[PDB]
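A lone chain, given as structure tokens: the form deposited in one PDB entry.
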């Protein structure tokens, strides 16, 4: 019956993970998975979350369906976070927002909405980018290409080429953009580059789709959202997928948001209604437990403030790891610039190591990265840092 069905290769990042677990090097370290670990190398449970969940468990309540858009408080928290509290765009009612099944789920609904209403649009992703972006869009029968982004030569951005690329695109074509904390490179646009980008986006009447999965891990909650807010100030029709997976340490509950910025309230209502309809077609409504956590933590002022602090500690710890890793490298290797390590933002780092060097890191030290050199900085901690930094010096010295 199902002889025609091909085997599924399996998630690539998961394929590596099997190999690491198998590895019997006592000193093995996994830096391959984009998961945040704390000082002790474990996934944290955030204090604010813990508190939110005790409230949810006290008392244990009936579990009616959430609305299709999810909880209003969840929606508002997304909005206030992304566009700023009582931002003009929100007080004008020009943002249609739904809770989603994580950032993935927001990408799916947004892509499906684009596919239905802008059937001609293509989508373009950064070269390189997070593998799942491509699957989600193509899974909607939207054609996906790549725009120039990362400059292998410099470690920077092929900014000129990227800009020239965008001018070739068709009206209503979609750009998948990372407002900060690029996955996998860590290399972000400066504000001035954002203004040029958004300028051409405006001129070419392209659709910007900002995926922000690490708000708070780059500069701060506001800064990380500059690209979003500047697109709003310019009056662009912006799609924003956001995820709480990382910054809430709530990967498994599937919490995120999708927001569509619209030129008029009436368009806001058309789009909101169609987002609902799209949700109804896929999974009907989002999960109550994850949504309640988001609702409680975003809208309780004491919990929100605690939560930002918790995110900033996670960001600060990742920044310390970057600094420490650079300090060892620059102390030990003269005449190579390692500023790109602290210039990069978020959880990810393109190390600049060649595939052969990544592989030698695996064999010789049991240290696991992606072949494109991507390292998750949160994998690093006080207990493994000197071992990893020193292994890296060795591989680069050969």
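Positions refer to the first chain, counted from 1. The term rigid core refers to the maximal set of C-alpha atoms that superpose within 1.5 Å between the two forms.
### Task
Between 254-262 and 80-88, name whichever shows the higher mean Cα B factor according to the PDB entry.
Comparing 254-262 with 80-88, the higher mean C-alpha B-factor belongs to 80-88.
### Message
Can you tell me whether 122-130 has a higher mean C-alpha B factor than 279-287 in this record, or the other way round?
### Response
Comparing 122-130 with 279-287, the higher average CA B-factor belongs to 122-130.
### Task
Could you say which of 108, 319, 182, 74 has its CA atom at the highest B factor, as listed in the PDB entry?
In the PDB entry, the greatest C-alpha B-factor among 108, 319, 182, 74 is found at 319.
### Query
Out of 54, 61, 30, 349, which one has a C-alpha B factor higher than all the others in the entry?
Going by the entry's C-alpha B-factors, 30 comes out highest.
### Task
Taking the values exactly as deposited, rank residue 102 by C-alpha B-factor within its chain and report the matching third: lowest, middle or highest.
Lowest third - that is where residue 102 ends up once the chain's C-alpha B-factors are sorted.
### Task
Grab the CA temperature factor for residue 67 from the record and place it in the lowest, middle or highest third of its chain.
As the PDB entry reports it, the C-alpha B-factor of residue 67 lands in the middle third of its chain.
### Message
Per the entry's values, where does residue 155 land by CA temperature factor relative to the rest of its chain, in the lowest, middle or highest third?
### Response
Highest third of the chain for residue 155's C-alpha B-factor.
### Message
Please say which third, lowest, middle or highest, residue 112 falls into when its CA temperature factor is compared across its chain.
### Response
Lowest third - that is where residue 112 ends up once the chain's C-alpha B-factors are sorted.
### Query
When the modelled residues of the chain are sorted by Cα temperature factor, does residue 313 land in the lowest, middle or highest third?
Lowest third.
Keep in mind the form deposited in another entry is missing from the figure; the text below concerns it.
### Message
So, superposing on the core, is the move of residue 363 at the CA at least 2 angstroms between this form and the one not shown?
### Response
After core superposition, the displacement of the residue 363 C-alpha between this form and the one not shown reaches the 2 Å mark, so yes.
### Task
Take the rigid core as the frame of reference and indicate whether the C-alpha of residue 25 shifts by 2 Å or more between this form and the one not shown.
Yes, because once the rigid core is superposed, the C-alpha of residue 25 moves 2 Å or more between this form and the one not shown.
### C-alpha of residue 330 moved at least 2 Å between this form and the one not shown on rigid core
Yes, the C-alpha moves 2 Å or more.
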